[PDB]
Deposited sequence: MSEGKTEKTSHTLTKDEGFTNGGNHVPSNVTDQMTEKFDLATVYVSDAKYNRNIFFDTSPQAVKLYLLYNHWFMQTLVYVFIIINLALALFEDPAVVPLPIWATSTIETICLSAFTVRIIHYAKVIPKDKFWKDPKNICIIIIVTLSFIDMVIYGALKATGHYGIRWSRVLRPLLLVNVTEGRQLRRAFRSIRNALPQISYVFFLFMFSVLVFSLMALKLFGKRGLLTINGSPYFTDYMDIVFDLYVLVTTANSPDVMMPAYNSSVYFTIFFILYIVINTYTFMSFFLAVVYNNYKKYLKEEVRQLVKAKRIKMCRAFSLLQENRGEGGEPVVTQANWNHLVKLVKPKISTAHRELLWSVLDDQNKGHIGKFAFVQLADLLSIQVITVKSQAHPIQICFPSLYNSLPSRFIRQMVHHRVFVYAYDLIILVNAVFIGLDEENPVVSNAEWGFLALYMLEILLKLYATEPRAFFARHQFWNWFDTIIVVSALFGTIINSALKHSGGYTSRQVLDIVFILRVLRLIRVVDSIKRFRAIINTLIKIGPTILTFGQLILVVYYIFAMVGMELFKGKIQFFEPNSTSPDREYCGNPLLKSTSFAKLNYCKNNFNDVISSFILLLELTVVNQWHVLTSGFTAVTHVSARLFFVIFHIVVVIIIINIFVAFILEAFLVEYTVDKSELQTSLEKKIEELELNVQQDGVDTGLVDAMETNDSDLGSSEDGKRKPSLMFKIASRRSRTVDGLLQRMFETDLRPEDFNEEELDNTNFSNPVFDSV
C-alpha cells in the first residue's frame, strides 16, 4: 500500500540480483538498502578495493617509493570505507543472518587483520624483520568476499567443488611422475654414465622428479632427453611414453575435470538464480542531389572502403618517410573522415577522431618542440593499424561478435579479476622471498657490481646470459610481468632456476605450486569457458 509498494519495487527492480533483504518495517531500513545497492556506492567500494590493491605499487618494494606513514593512511581510509560499508550492510540486513554469513565474517576478519598488520608495521625503531606485511595477501580477498562479489564468490564455489576431483586426479598424476622418476633413476642414473653440460644427467631423485615434472609442462621438451638420446635411441621410448602418459593424457585430464566442474556449476548458477528470482519476483503479487548521397551507401560502397583500408595497410608497412607516404597519411585520414557522411559505427568513429590527432604531429615535430617524436608516432601508428580490424567486415563475421561480447557480461570480468586474485597473492608472497636478489642493470652501468646477472650466484646460468634480468620480483609491476611468462609456461624452469640459484633449492616449490594453480586450474578454467561459450550457445 502506502509503503509496501516500495518494498515491492525493491523486490522486483532486482531482475538480476540474488539475496534477501530486510522487508521494510522501519521506513528508513529499506531506504538504507536502496542507498546500499545504489550504483555509486557499488562502484565506490570497487574503486576503494582497487586503491587498496594498487597500494602495492608503493609499499615494500615500490615502483614509486612512498613513506610508510603515507601509504598507511591510504589503506586506513580504504579499510574505513570497507568498515563503513559493512556496518551499513549490517544496518540493512537484520541481526540474524548477518552474523552467519561467511562473507561477512571473512570481511571483518581481513579488515581487522589488515588493520592490525598495518600498525604492527609500526616498525618500532627499524625492527624491520627483513619482511613484514603478511596481510597484503588478504587484500585481493576483499575482491571476492565483498557483497558485490556474488559473481565471483559463486565462481569460487565452482573451484571449491572441483577440488575433491582435481586433487583426486592430481594424486594419480603426481604418482605417475614419482614412479616415472624412479624408473628413470634406475635407468640412466648413479649407476649410469652420461652427463648434460658439465652436470650429471639423472643422478639424484629430487632433481629427476623436478626435471620430469617440468617435462609434463614441456618447458624443456627436447633438452631433458637430448642426452640419453645422444646415448641410445631406445632411451627415447621412455620419454615417448612419459609425454603421452603425462603431457597429453594427464594434462588433458585436468582440463576435462575443470571443464566438467565448470559445466556442472553453470547449471547451478542458472537454475539456482532462476529459482532465486521467482522467489521475490512472484512474491510481489503477495507483497535531388541529397537523394544521391543517401543511396550510395546501400550499394557497392563498403567494398570501396574495404579496399581503401586495404591499400591503407600497404601505406603503413612501407613507410620510409618520403613525401609520397608522409603526406598520404593525411589523405587516408580525410577518406575515413567522410565516412562521417553517415557495431563498427561505434568503433570506427572512435578511431578516426583519434587519428585526427595527426595534427599534433604537425604541431609537435616540425616546430614547437620535437622532444616527443617517437612517443606520439608509436600512439598514432598503433591506431592507424587499428582501422584495419574493420576489414574483417568483408567476411561478415563481426556484427555477430557483440553477442559473444554480450552486454557487459561480467563473466569475462569475473575471470579478469580471478587471474588478479591469484597473481596478487603470488606477487605479494613472491616478492617477499625474492625481493631484491636479482636486478635488471642498465646497459651502461657499474659492471664490477656483477651487472651481467645482478648477483654472482648467477655467475654462469641460463638465467643470466639469456638477458632474464627484468623478470625479478623487485616490484609488483615487474613481478606481475614475471607471473605472466610463468603462466605461459615456456621456459618457466629456467626462470625458476634463476630464483633457486639465489635462494634455496626449496624455492622450486613456489613456482611448482604456481604452475599447479595457474596453468592447471586457472588457464583450464579459461579454456573451459571459451569451450562452453562455443558449444552451448544455441
| request: Could you sort out which parts of the deposited sequence are absent from the coordinates (no C-alpha) and give them as ranges from 1? | output: 1 to 33, 321 to 406, 462 to 476, 673 to 773
